[PDB]
Structures are given as structure tokens and as C-alpha cells.
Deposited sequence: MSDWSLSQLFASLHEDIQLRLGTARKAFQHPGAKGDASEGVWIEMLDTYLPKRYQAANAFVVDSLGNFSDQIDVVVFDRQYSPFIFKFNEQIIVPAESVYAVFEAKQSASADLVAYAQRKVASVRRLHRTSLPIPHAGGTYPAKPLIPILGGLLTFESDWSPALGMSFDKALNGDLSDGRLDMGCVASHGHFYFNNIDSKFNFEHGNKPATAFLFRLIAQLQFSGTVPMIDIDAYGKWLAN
């Protein structure tokens, strides 16, 4: 027995679960199965207290226990922006158009307005908590490029380094990528367990994402009238 064999057997199981238009369903199932249970994953819209909506997001990772509400409307799910940790776009194959599309979706979430309130206590008032740093990314099974994880993909990822920045992602047939804040560049990792390596990159980053802030629930509630 070895820790390497455990990882190989986990990847075999993930590949079974996993194996364009509707490819997000299997990524949802995988992430809702293997993320720490404090997180929840779903296909969802994101909304803010100003009544603005994101695009429809293939995979939203949000707080399971501490989200204040989750709307269920016309067979869709809508989550408040303040309880979102990550957002992914899925499609069968990576291309320049899909990367740009993923960037636009992710931007549509990050441009929402998130609230965060100060916290009273007996002695006085603690400052408002920081907002969650929302991770963005893309999930595909294949790539239109040859090589799959090379200069052309890197150029596409570099097309949005602000609101639409993709922090990480997976091409299931070849590997995964993540943005390296130190060197300010994308890193590619090629390997024979891509989805599992992606999962471990995501879990490693999420544990530093903090927690849901004190939300201006009253501001959401004004829309009751």
C-alpha cells in the first residue's frame, strides 16, 4: 500500500464519474461528491442586493451551511454573491472562444456588488470581514489546440487578467492549469491524473478563502416590496 496508489484509485473513480452544451453535469457531481462538505456545488445564477444577476454559471461552489438563502425559481438555482467561493465554465473542448466566454461569465460574477457589515461586540465594533476571493476557471475534457496545454492556450488565458481572470482549470485528457500570483503567469501541469490534480489545486486554494461575511440581508429584503 502507498499514498500514490490511493491517489491513482481516486482518479480512477473520478474518471468513471466524469466519463459542451451539457458537460457541466458531471463536473457538478464530481465536485459535490469530493469537495469538503462545507462547500456545495450547483449550476446556478448569482444575484446581488442591487438586483443584478450574473450569467448562468455552469458550476458554482458556494457555502453549504452559512449561505443565508438559495432561491429555487423556474427550475433554476440562484445564490447570493456573498456566499460564492468559485465559478467554472464547462464545455467538451477548450478553444479561444470558450476561454473568452469563461472569462466573460466569471467577470459577470465578480462585477456584482457584495456587501460586508461591521460586527458589534461588547467592547466596540470589529471591522467588516473581507470578501471571499472568488476563484474562476474552466473545465473541459479535450482541447482544440495541439499541443493542448501550450502557447496558444496560454495566450488565451492571458486575454483577461482582471475581472474575468481564470485562476485554475482542467483539460481532462491532458492536465491542469493555475495562475501563479508570484510570477504573475499561468503554470501548466501535464500528467495522467488531470481532474484529480485539479481537484487538489482547488481544495488547497479554498482553505485560504475565508468565510462568508456579515451580509446586508436587510438590503436584499427590500426587494420583498
query	finding
Deposited sequence positions missing from the model - stretches, numbered from 1, in order	1 to 3, 23 to 34, 241
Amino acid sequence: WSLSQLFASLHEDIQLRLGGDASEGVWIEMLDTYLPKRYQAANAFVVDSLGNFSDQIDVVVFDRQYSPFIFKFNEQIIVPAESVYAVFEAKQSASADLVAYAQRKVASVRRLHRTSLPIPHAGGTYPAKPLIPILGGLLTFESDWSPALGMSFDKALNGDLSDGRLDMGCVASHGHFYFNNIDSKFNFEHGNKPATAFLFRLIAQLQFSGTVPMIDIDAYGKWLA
From here on, numbers count along this sequence of modelled residues.
query	finding
Higher-scoring stretch by recorded Cα B factor average, 54 to 62 or 158 to 166	158 to 166
24 to 32 or 180 to 188, whichever carries the higher mean Cα B-factor	180 to 188
Member of 83, 93, 125, 103 with the greatest C-alpha B factor (per the PDB record)	125
Where the record places residue 71 (Cα B-factor, split into thirds across the chain)	middle
Chain thirds of CA B-factor: placement of residue 140	lowest
Relative C-alpha B-factor of residue 79, binned into the chain's lowest, middle or highest third	lowest
Third of the chain's Cα B-factor distribution that residue 206 belongs to, per the entry	lowest
Residue 119 CA temperature factor, ranked by third within the chain	highest
